[PDB]
Amino acid sequence: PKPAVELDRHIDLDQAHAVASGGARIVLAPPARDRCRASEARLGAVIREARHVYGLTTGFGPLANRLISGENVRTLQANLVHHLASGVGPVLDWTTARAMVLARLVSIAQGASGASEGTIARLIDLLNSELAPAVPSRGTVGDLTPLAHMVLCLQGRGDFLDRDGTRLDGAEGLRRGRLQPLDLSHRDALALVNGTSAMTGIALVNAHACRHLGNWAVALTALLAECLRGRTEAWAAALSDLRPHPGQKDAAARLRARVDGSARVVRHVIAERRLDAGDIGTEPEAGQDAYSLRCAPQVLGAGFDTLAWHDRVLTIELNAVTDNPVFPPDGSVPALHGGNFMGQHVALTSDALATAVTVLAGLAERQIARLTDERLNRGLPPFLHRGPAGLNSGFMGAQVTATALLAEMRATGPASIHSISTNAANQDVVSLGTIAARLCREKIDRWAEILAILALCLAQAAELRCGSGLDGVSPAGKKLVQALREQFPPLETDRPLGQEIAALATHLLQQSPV
Amino acid sequence: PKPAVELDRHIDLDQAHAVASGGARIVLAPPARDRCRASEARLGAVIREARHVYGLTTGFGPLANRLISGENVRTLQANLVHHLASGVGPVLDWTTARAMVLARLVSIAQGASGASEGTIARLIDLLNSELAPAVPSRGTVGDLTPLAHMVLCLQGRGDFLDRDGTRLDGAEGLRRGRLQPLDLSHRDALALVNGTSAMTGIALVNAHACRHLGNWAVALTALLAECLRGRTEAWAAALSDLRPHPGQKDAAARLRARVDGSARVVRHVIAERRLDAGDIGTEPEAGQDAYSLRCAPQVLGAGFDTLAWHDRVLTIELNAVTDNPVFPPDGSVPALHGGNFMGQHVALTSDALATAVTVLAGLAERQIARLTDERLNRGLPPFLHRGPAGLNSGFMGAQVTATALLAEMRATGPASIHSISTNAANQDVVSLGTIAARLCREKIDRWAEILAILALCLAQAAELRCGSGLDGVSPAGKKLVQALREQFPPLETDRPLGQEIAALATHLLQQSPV
Amino acid sequence: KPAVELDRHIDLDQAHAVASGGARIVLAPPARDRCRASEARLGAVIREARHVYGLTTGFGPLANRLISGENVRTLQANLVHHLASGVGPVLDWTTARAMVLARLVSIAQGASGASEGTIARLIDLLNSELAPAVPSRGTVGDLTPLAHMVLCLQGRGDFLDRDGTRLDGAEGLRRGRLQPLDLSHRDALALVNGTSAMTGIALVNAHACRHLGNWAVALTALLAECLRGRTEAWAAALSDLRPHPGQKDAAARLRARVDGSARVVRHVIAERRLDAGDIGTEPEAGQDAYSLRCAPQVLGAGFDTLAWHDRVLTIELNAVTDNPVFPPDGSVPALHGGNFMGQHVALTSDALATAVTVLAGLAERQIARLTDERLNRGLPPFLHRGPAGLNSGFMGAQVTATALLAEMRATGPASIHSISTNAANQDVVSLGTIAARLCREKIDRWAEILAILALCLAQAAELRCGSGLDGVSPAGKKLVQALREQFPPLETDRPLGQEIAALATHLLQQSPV
C-alpha cells in the first residue's frame, strides 16, 4: 500500500529520499495547495500591473537592462529554457534527478514562486510515476542548466529514465508515465528554472547514502574487534563523557551495542590489574589496540558530526525558497529581487562531508590492511586465504584494490575554492555547489566499495577465527555474516571478486546491517 | 585496404594509436618472432631446471616465501589471475583497452618475457579484430588487475566491447572476432599479467588526443584574433628567437600560419609609429592585446613543451620491457628479479600533462569569456546572440557551462602524491600511474568540451563580424568555419546547445582543423 | 674567489655559484659591446618618439594614455611606486641574488636597452655580500619583486647580509660599497621586467634538488647495507630493458654506493635450483619490499623530472623575457609581445614539486621500515639503545617525518589557479613565482625527512655492524663517519629537533662525497 508523504511546509531528509527513490507517493496538503493558488494569482497581478520584474519584463543576466513588452513574454521565457540547455556529461541517476524535481517542488510549496496548478501537477505526476527526467550532470555553476533540461523533458522534448537507467524518448516517457506535457502559458517558467534544486537533490541522496555507510562503518569496526580480540574499554561511555562530542558519544555507544554478547572481544580494563616483580619484562602484546580500533569512536565520531552539520544545513535548504525573483505571500511588495539562488551553503557542506568521507574511507582501508596482514592479524592466514598458501592468495588483490580506490578519492579536493568570474563578470562569484555535491557523491561511491571489501574480508576472517559456526561471535555479528553468506559464498579458493565487490557496494548504499 | 604496422623493436606513438584505434593492422616482424621463440625456449628451460623464480616456483607478493612444487604451477598461475580480478568501475573504452593489449605485446616483442607463440598470437588477433576486452578501470595501484581481467576476457570468461562500447559475452566475442581461447599451458601467465600496460595504453591515447586539441587551441586562438582585430606582432618569430623554448616557437609559427591571408587582424608594428605633440592624449584602445591573445605563444608553448616531455618518456616506456621477472636474451643468468613494473614515469608525466591541460583549458575558457562580453568584444552582440536582444541570449548559457567545466577540472590534482603502503607493507610505495593517466584523460575530455564551445562561439562571431561570406577572413579561418557549418547551423535564435557541444567535442578529440 | 665570465650563456651551476657568493661575476667584452649598442638603440627610440610601452605610454590598460617625453621620468618613477605592493617574508639572501642575476643575464643578451650604469649596479650587488630585501608575495608572474629590488638599489629599501640580518637602504649602500641606482636614461623597464624572480627561485631549487637527490641515493644504498638488501634489483641489465635515462643513472649510482659492501646480498636468486625437499615456507621472500627493490624506478622518474625542469630553466635563464624589446638587428624599433609570461617555469616547478613529494614519500617509508622491529630484520625497535621501554630511540623522529610528508601533500600545483585580473587585461596569468616558491617549501621538507633517515641509518649501521662498521662499503663508512663528526650516536633518548634541523641545512648545500 505504497506510503504517502503529505507536503505542506516542511519535509525531512528521510521523507524526501522516500519520495525521490519512489518508495513513497507525494501529495500536496490542502494549505499548501491554497498558498500556491494565492501565489499563482499574485504572479498574475504582477503581470497585469506591468511591474518591473526579472524574467517577466526584462532580459536575463546582464541583458536584464533590456526591458520586454508583455506581448513577447512567451518568447522570452521559451528562449530562457533554450539558451540554458547547454548541459553535457552523463545524466544524473534516476533517484537524484527525481530528488532535484522534488527540491524544486518543495520550494514552490512555500507559496512564493507563482507556479500555476498545472505546473505543480506536472512535478507531482513525475514524482508519483516510475520515471525521472534525463538531465546532463554538468554545466551549472550553482542550478539553471539542469533545470532547463528538466523543463524540456517534461514538455516531451527531452529523454526520460526508468528505474534501471534505460532511456526513453520524450514521447515514450509521457506515454509510459501517463504524464501531461508541461504547459508554461501562465508565464511561470521561472518557477521551474530557479534555485538550488540540483545540488540539493544530489546532497539529499548523499545524506541518505552516508547514513547507511556510517552504519556499516560501525558494524564492520565492531566485527573487526571480534576477529582480532579487540579491547572494548576504549569504547567505554566514560571516555565519551570526558570528551562530549555528540558524534563520538553516538559512535562509541553504537560500537558497544554491536559487540554486546560477544565472547571474542577483550572486556577487561587493564588498569584493574596489579603488577608484581615477576611481571616486569616484554609481554606478547601491548595493553592497547592500534588506532584503527582504539580510536574508532573519535574518527567515526568526527565524521558523524560533519554529517550532522551537513544535514542541518541541507534540511534548511531543502525546505527553503531559493527562487529569484520571489513574490512575498504577505503582499508587502509585488516582488523581491536578491540572490537566494547562490548555493554556497550546499557547496561548503558538501566539500566538508567529502573530506569526512575520505577520512572514514581511509579508516576502513587501514582496517583491511591490518586484518589481511599476517604479521598484524594475530594468527589469521595471510590475506585470509583458504586452501594451500601461495597457491592461494585470498583477498590479496582486493586489499590492493581498496588502497587504489582510496588513493583516487584523495586526488580530488573541495570544489568551492574554484570560483571564476563569468557571465560577462555579472556572476563574479559562483558557488559551484552542484559540482561540490557531485564530487562528494563519487567519494561516497568509493567508500561503499572499500567497505564492501572490508565486509567480505571480515565474513571470511570471522569463519577462520571462530569456525563456520561463528562460536563466541555476538548476535549482531552473526546476523551480519549470515546475511552476507546468503549471497556471497566463502572464499575456499581464489576466484574473481570484482563483480561481488560491486554488487555488495550497491547494497551497502541502500541498506544497513540490521 | 588497411595500413599495416610491422612490429620488431620500436614503434612510435602514431603507429601505436593507429593499431589501437583499428586504423592499421599489426604484424610481428620475423626478427621479433625469432627473439620470442628463443625466449619461449628459455622459459621452458628455467621451468625444467626448477629455478627459483617468482610466479613459477613461488607464491605472489609477500607470499613469495612460499615455494611451490612444479606439479602445481598450472594452479598457481590460474589463481594468480583469479585473485587479481578484483577490479571495479566503468570499463576502459574500446581504443584504450586495445592500447593496453598493444602495450603488453610491445614489451613481449622485445623477447625477454618467455611468452609462447600462441599467447603472442592471441594478442595480435585481438588487435587485428574489431573487438576489445571489457576491463574495469579501477583497482590497480600501478597494472596487474586490469591485465588479469584482460586474460579472463581472452579466455572467453569475460566480456568484449565492439567499437560502439556495446558488450558481448566471452563466447560471442571469440566467435565474432574469430579469436581462439587463450591457453596458458606453457606457464607463461606472467607474460600477460605484468608491467605498466594499462597506464601506458591510457597515456598513448591521451597523447594522441592532446595533439588534436592542441591544433584546435591554436586554430581557435587564430580565429579569435580575426574576430577581435588581434595584433599579429605579438606572434612574431623575432620574439620566439629571444626566448627559444621549442614549444613557444612552434606555437607562434603555427598561429602566424593560421592567420596568413587575413585582412581582419592588425599587422602593424606599433613601434614604427613616430609620435608628435598632436598624438598625446587618450586613444580608444591600448597598443597591445589582452593576454589571452598576446601571450598565446607563451601559454600554448609551455603546454606543448610539457606534452613533448610526456611523449618522450612515454615512447621509452611503450617500447620497454616492464616485466618482472625477466629472462635475459644473452643468457647471462636464468632470470632477473627487480621492479621495472613500477610506473612512476607515466605517473609523473601524466600528472604534469594534466596540469598543462588544465592551464590550456583555462586559456580557452577566458577566450570565450572575452569574446562573449559586450564590454570586451569590440562591438559584437552580447553573448553573440542574433534576433532581438533580451528575447535572445545567444551563447550566454554555453559560456557559463564552459566555466563550470573548467572549475570541475581544477578540483582534481596530481594522483602521484597519494602513495599508500599496501600489500602487507610489501608494496610500501606505489606509483598510482594508472590513476594519474585516467585523471589526465578526464581533463582532456573537459578541455575538448570547452574548445567545442569556443569553436561554436567563433563560427558565430566570424559571421557577425564579417558577414556570412566571411569577408576578410583568412583561408584557414574560412575553411574551419565552413566545415563547422556543414554540421552545426548558425544560431539565428536561441536553441539548446548541449547535444551539439557534446557532438563537436567528440570530433575535436579525433581530428584537427585542416 | 672564482670568476664567472658572462657573455651569452651561463649554466645552472655557474648561476648558483654567483647567487650564493661562491664566485664573482664579470661581464665579458662582447656582452658589454652588445649592451652599449642596445643602450644606443633605446636612445634613438626615445629621440624618434616611437610609440613604445613604458616610454610613451601608461601601463597595463592605461597604455592607451600616451605620454609626452618631458614626463617620462615621472612615468617610470611611478611605475616602480605602484608596483611596490609586495608583502610576506623576504626572499632569502641566495634567492634574492639569483633574481638579480636572472635579470642581468637577460640584459646581457643586448636587447633591453639598459645603460652601462644600470648594468654596473646589478654586477656590484652580485659581487658584494648583500642581497636586496624583497617581499616574496604579490606577483602573478615578476614586476612586484623587481620593483622592490629597484627601490632597494636606490637606497629606498632594505638589504640582507648573508645571515639574513637586515640593513636599511643607506647602510646597505655604504656597507656593500654600492652606488645608488640612477634611471635617468629611461631604462627602468630593463629592470622591472621578465621572469627574474621565479627563475631565480627555480635555479636555487635545481641546485638543492641535485644535492638531495645524491642523499636520496646514498641513503637508499646505506639502507640496503642495514637490511641485507638485494643488489640484483639494481642490475644494469634491468636498466637496459627499460632505458629511462634517470633510472639507468639511479641504478648505476646505487651500485656504486654499495661497491665493496659485504652487508648486501648479491646472489641472483634464479641461479638456485630447487629440490622437492625445499618446498615449504622460507624465512624471507626472494625479493625486497619496494622501498629498496623499486628505488631505481622511483628515484629515476624523479631524476627525469628534474632533468626536464633543468632543460627548460636553462633556456629561460639565458633568454630575454623583457617587453618591450629592442631587436639588435634593427629590423624594427621595438617589439611588443608577451615573453614575460612565466608559464614554462610555472609548469616545470609544479611538476618538480610533485616529484619531490613522491621522493620524500620514498624516504619516509624507508624510515618507517627501518624503525619497525617487525620489518627491520632483527634491529631494535626504533633503533633505540639502552633499556627498551625506558628508551624509545627514534620513535618520535619517525612520526615527525610522517608529519612533514603529510604537510607536503596538502599543497598542490600553483599553475591551475589562474584568475583574470588587472581589469581583465591580464586575463590569464602564470603564477610561476608562486609555483617555484611552493616547490621550494617541499624541497625544504624533503631535506628534513632525509635528515631523519640519515640519523636513523647512522645508528642502524652501528647497531647492525658495530661501531667499526664491519662489512660496510667504503662509501657507507665515509658517510657515517662524516655524520658522526657532528652528530653523536643515540645511546640514550635525547631531543633530536635541533639536530634534524641542522643536518637538513647541510643536505641542501652539500652531497655525500
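Reckoned from all heavy atoms, side chains included, excluding hydrogens, waters and symmetry mates. Chain letters run A, B, ... following the sequence lines, proteins first and then strands; every chain starts at 1.
In this structure, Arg264(B) contributes its side chain and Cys227(B) its backbone to no donor-acceptor pair below 3.5 Å. Side chain of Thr95(C) to backbone of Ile201(C): no donor-acceptor contact under 3.5 angstrom is found. Listed for the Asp142(C) side chain is a donor-acceptor partner under 3.5 Å among the backbone atoms of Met198(C). The backbone N or O of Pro246(B) lies less than 3.5 Å from no partner atom in the side chain of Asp250(B), so there is not a single donor-acceptor pair.
Between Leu300(B) and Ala217(B) the shortest heavy-atom distance is CD2-CB, 3.8 Å.
No more than 12 heavy atoms of other residues, nucleotides or ligands lie within 6.0 Å of CZ in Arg375(B), so this atom counts as exposed by the packing criterion.
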Trace of the side-chain contact (heavy atoms from CB on, under 4.5 Å) decision for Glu283(B) with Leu66(C): CA-CA 8 Å; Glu283(B) 305 209 309; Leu66(C) 300 190; 3.7 Å; yes
Working for salt bridge (charged side-chain N to carboxylate O under 4.0 Å, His left out), residues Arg370(B) and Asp289(B): CA-CA 12 Å; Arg370(B) 173 167 288 282; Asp289(B) 291 323; over 6 Å; no
Steps toward side-chain contact (heavy atoms from CB on, under 4.5 Å) verdict (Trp235(B), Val265(B)): CA-CA 12 Å; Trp235(B) 305 342; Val265(B) 295; 6.0 Å; no
Verdict with reasoning, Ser38(C) to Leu42(C), per side-chain contact (heavy atoms from CB on, under 4.5 Å): CA-CA 6 Å; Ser38(C) 189; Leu42(C) 175 60; 6.0 Å; no
Candidate pair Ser136(C) and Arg437(C), rule side-chain contact (heavy atoms from CB on, under 4.5 Å), full reasoning: CA-CA 8 Å; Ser136(C) 60; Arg437(C) 286 176 44 242; 3.9 Å; yes
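Atom CG of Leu456(B) and atom CG of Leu451(B) lie 11.0 Å apart (nearest 0.5 Å). The CG atom of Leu454(B) lies 4.5 Å from the CG atom of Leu220(B); values are rounded to the nearest 0.5 Å. The distance from the CG atom of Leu371(B) to the CZ atom of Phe383(B) is 11.0 Å, given to the nearest 0.5 Å. The distance from atom CD1 of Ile435(A) to atom OG of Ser416(A), rounded to the nearest 0.5 Å, is 9.5 Å. Note that the NE2 atom of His82(C) and the OG1 atom of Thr144(C) stand 8.0 Å from one another [nearest 0.5 Å]. For the atom pair OG1 (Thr372(B)) and CZ (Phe395(B)), the distance works out to 10.0 Å, reported to the nearest 0.5 Å.
Using a 4.5 Å cut-off on side-chain heavy atoms (C-beta onward), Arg366(B) and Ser418(C) make no contact. Contact of the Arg231(B) side chain with the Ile270(B) side chain is registered, since non-hydrogen atoms from C-beta on lie closer than 4.5 Å. In this structure, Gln298(B) and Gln343(C) have side chains that are not in contact, with every pair of non-hydrogen atoms separated by 4.5 Å or more. Taking the side chain as every heavy atom from C-beta outward, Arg311(C) and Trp309(B) approach each other to under 4.5 Å. Between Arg103(C) and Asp322(C) the shortest side-chain heavy-atom distance falls below 4.5 Å. With contacts defined as side-chain heavy-atom distances shorter than 4.5 Å, the pair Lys442(C)/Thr411(C) qualifies. Residues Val430(A) and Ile420(A) have side chains not in contact (no heavy-atom distance under 4.5 Å, counting atoms from C-beta outward). Residues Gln460(B) and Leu380(B) fail the side-chain proximity criterion, which asks for heavy atoms closer than 4.5 Å.
In the model, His344(C) has a side-chain atom that pairs as donor or acceptor with a side-chain atom of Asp305(B) under 3.5 Å. For the residue pair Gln288(B) / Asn323(C), a side-chain donor-acceptor distance below 3.5 Å is found, with atom types taken as modelled. Donor-acceptor pairing under 3.5 Å is recorded for the side chains of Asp427(C) and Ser292(B). There is a side-chain donor-acceptor pair under 3.5 Å between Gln367(B) and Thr221(B). Judged purely by distance below 3.5 Å, without hydrogens or angles, the side chains of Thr422(A) and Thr403(B) pair a donor atom with an acceptor atom. In this model, no donor atom of one side chain and acceptor atom of the other lie less than 3.5 Å apart for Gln76(C) and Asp187(C). When only modelled atom types and interatomic distance are considered, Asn71(C) and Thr74(C) share no side-chain donor-acceptor pair under 3.5 Å. Side chains of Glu226(B) and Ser262(B): a donor on one and an acceptor on the other come within 3.5 Å. Judged purely by distance below 3.5 Å, without hydrogens or angles, the side chains of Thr355(B) and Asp350(C) never pair a donor atom with an acceptor atom.
Under the 4.0 Å criterion applied to side-chain N and carboxylate O atoms, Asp279(B) and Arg273(B) are assigned as salt-bridge partners. Using a cut-off of 4.0 Å between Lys/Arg side-chain N and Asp/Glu carboxylate O, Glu316(C) and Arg243(B) are scored as salt-bridged.
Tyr291(B) and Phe340(C) have tilted rings, their planes meeting at an angle from 30° to 60° on a 0 to 90° scale.
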